[PDB]
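Visitor: Under PDB author numbering, the sequence shown has 176 at position 176, and the numbering climbs by one with no breaks.
Right, I'll just put the structure down here and ask away after.
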Amino acid sequence: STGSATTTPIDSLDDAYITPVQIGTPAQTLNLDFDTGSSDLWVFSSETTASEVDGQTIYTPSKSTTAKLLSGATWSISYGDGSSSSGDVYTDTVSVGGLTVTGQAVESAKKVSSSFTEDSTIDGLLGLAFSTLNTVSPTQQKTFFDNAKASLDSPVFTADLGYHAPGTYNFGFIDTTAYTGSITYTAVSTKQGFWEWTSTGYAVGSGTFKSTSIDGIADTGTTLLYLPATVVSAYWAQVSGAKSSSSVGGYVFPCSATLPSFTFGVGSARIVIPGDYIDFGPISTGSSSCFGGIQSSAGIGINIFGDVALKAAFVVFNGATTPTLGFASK
């Protein structure tokens, strides 16, 4: 089997991407944030505290004839951005772009943190990291991809995120028309439950490539590119008027400035992030100070190849017995 679904930016800055998912019988369609940095499929629901729902579409398990309470099960998650949610668990039929899993754990939110309430466009998350990170207790549950894997033509999914435009998540096949050149594959460590890999280096604009190992994660659920402070400093030094603002909480720059591209290495291959992908607009409405899309990972404890980086590539998440990641230009 295969599946293919379009993923759409939630706003004009590409802050996140939403993908429609069918849950239950008859289908209830929710727009979920596909997140290769986490491993829970959770949704706003009829069980979510009423004051914490503000425009989201909810899943109502009682209206699904295929929903079954996973008795005794609870879940609770906190994300790198300080946001959180928790609740109980149902199993139900979940379909993405034509690909159907029966018995998928659907984690129903009883509580969500403010950041989720305040974002009316995201109805929940669909985790695509490794199932070892799944928070369901007492019995850890599998991700949608893990459940689908054996049925797929090939045990892979691909992320093709758009810049200020829709893109595509495919399951079970590689669309050879969706990228240029070749796909370069690179090793993955699953020790922390992430799609963790090591970049071979970077360049700033037309500058020379610096060969240096950068360990980080391919995370579709993180907006920006978070890299070591040395790398980030070298980038912003090439933007006149850029500076790190402790009050804003990262590098900002005047939008009259021209942003250089940023290149990262995948083995001997090179992915070029155009300068425009690094502009995240005014820090506040009317401000001439713009927020940067490359920021320091210091104090995150891990480097994150978030949407800023991933949307410059066609990315293969290869779930073979030994997982690997593939990157192509596009």
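For every residue, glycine included, the Cβ atom is placed at its ideal position computed from N, Cα and C.
Determine the contact status of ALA73 and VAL96, defining contact as a CB-CB distance below 8 Å.
Guide: Going by C-beta atoms, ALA73 is not nearer than 8 Å to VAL96.
Visitor: With which residues is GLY167 paired in a DSSP beta bridge?
Guide: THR7, per the DSSP bridge assignment.
Visitor: Identify the continuous alpha helix (DSSP H) that holds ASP307 and give its terminal residues.
Guide: Counting along the chain, the alpha helix (DSSP H) containing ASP307 begins and ends at 307 to 310.
Visitor: Using C-beta distances below 8 Å, list every residue in its chain close to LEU41, excluding the 5 sequence neighbours before and after it, in chain order.
Guide: For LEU41, where only same-chain residues beyond five positions count, the Cβ hits under 8 Å are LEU32, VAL94, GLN104, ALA105, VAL106, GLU107, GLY124, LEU125, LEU126, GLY127, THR143 and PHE144.
Visitor: Quick check on the burial criterion: 16 or more other C-beta atoms within 10 angstroms. Buried or exposed for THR91?
Guide: Answer is buried; the Cβ neighbour count reaches 16.
Visitor: Determine the DSSP secondary structure at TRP75, reduced to helix, strand or coil.
Guide: The answer is strand: DSSP assigns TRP75 an E or B state.
Visitor: Select from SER151, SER39, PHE314 and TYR226 the residue whose C-alpha is nearest the C-alpha of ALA320.
Guide: Answer by Cα proximity: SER151.
Visitor: When we look at the beta-carbon of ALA237 and count the other beta-carbons within 10 Å, is it buried (16 or more) or exposed?
Guide: So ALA237 ends up on the exposed side.
Visitor: Assuming contact is defined by CB atoms lying nearer than 8 Å, are residue 373 and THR25 in contact in what I supplied?
Guide: This structure cannot speak to residue 373, because the chain is shown only from 1 to 330.
Visitor: Can the beta-carbon of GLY193 be found less than 8 Å from the beta-carbon of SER1?
Guide: No, the Cβ-Cβ distance between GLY193 and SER1 is not below 8 Å.
Visitor: Let me check understanding here. Comparing Cα to Cα, which of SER289, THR36 and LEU259 lies closest to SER131?
Guide: Here the closest residue by C-alpha is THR36.
Visitor: Which residue spans inside the region 116 to 180 form an unbroken beta strand (DSSP E) run of at least 3?
Guide: Fully enclosed beta strand (DSSP E) runs of 3 or longer: 124 to 127, 156 to 160 and 167 to 171.
Visitor: Let me know the secondary structure DSSP gives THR48 once reduced to three states.
Guide: It is coil, neither helix nor strand.
Visitor: Could you spell out the range, first to last residue, of the beta strand (DSSP E) harbouring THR100?
Guide: Note, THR100: beta strand (DSSP E), 99 to 112.
Visitor: Quick check on DSSP: helix, strand or coil for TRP42?
Guide: Strand, per DSSP.
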